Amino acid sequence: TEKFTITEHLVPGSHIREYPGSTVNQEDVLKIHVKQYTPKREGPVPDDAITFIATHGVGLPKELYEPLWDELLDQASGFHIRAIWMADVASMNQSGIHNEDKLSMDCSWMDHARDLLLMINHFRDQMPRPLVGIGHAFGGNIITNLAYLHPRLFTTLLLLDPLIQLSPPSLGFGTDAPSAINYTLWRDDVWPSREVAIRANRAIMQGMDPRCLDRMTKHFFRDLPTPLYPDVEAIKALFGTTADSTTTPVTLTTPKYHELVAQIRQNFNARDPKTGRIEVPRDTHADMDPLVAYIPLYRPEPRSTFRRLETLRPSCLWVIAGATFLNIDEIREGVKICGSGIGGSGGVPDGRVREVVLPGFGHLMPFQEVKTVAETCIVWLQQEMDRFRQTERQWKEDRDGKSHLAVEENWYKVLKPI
């Protein structure tokens, strides 16, 4: 918004959710809240200007990414931005508010891939090639699954600390340390005032770019009443603030429960009570690897996504936070195999995949190190746009004066008659 016009949209998402308990009724129409960022521009839009399709991390409002968009435009070299499109996942942020009477206690990351495919088809007239995907965290997983759904859709992908790995998270089982997931279930989720909520959440905002701070305090917290906290006076009574009629309690805009059921999924029925043996229940958990069913929580998408990486068609930049809490070593094995097999870009051996590990940077680097994250993206984009322009030109040259109606002469040389 330093550099862009913002257009808001509310678009219907994918019919029939991957998990039946993700909505109140299985036919519910979830909507996604989209912001479209169009650069303020005197001249006409260049013909190869990029359409960016961006996805956020769990519980992170799309508006937090606006400084990154400003930096991408400010530092753009050898490419133009037609527009950046970022949607809130249906169960989170502004989308979750719009869908609040239809949401329920489940979440598949795959649904947002289908929601985005629908969005792109809805706005196709404003989204000519080239398209580029950007995904942060579970958004990195989602944008990769969109590339699996539609291999030639994206020219390239920009993954920012993507949740693509094999190993389950730490969940405090046995000797394991409780993780952000344990924290999410048990965390405070309501405060007597926005001022108290902001002070109580100093940790998540430490190191944030000042431009992100204002967006965080506005979007991360929501005034009561909400469906989870429908009674303002009952919460003032809980905090003993009833006498202050001027102040409104706030809650997490994305309920902690909607963060939680995106971070991890219940596996409460995997063990035969007689044999003690794991038997995957296919009615509810067909997508669960029996090897991860040993604990009563799982997350299928990081592992399924990792195992399909050799098929990833677009070129792919993996920007990894050196101080991430994700399994950095598994992520780097993902980089190595990415695009190397059938359907694939050609991967690291063809120079179609690169890792940049940013030492000392954390998971929230898109809000803490906006300029360096943008710079890393721009270097890759200028190389990929050079390759795009050359391969597009060579395509047109090779197609020049070929028929649209009948096959070329070589067919009659290779395929014998009867």
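Residue indices: 1-based, along the sequence shown.
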Once you work out the mean C-alpha B-factor for both 389-397 and 365-373 from the entry, which is higher? 389-397
Is the mean CA B factor in the deposited entry higher across 337-345 or across 171-179? 171-179
From 107, 319, 204, 288, pick the one with the largest CA B-factor in the entry? 204
Out of 209, 301, 161, 115, which shows the largest CA B-factor listed in the entry? 209
If you rank the chain by CA B-factor, which third does residue 404 end up in: lowest, middle or highest? middle
Within-chain third of residue 79 by Cα B-factor, per the entry: highest
Relative C-alpha B-factor of residue 352, binned into the chain's lowest, middle or highest third: middle
Chain thirds of CA B-factor: placement of residue 63: middle
Sorting the chain's modelled residues by C-alpha B-factor and splitting them into thirds places residue 266 in the middle
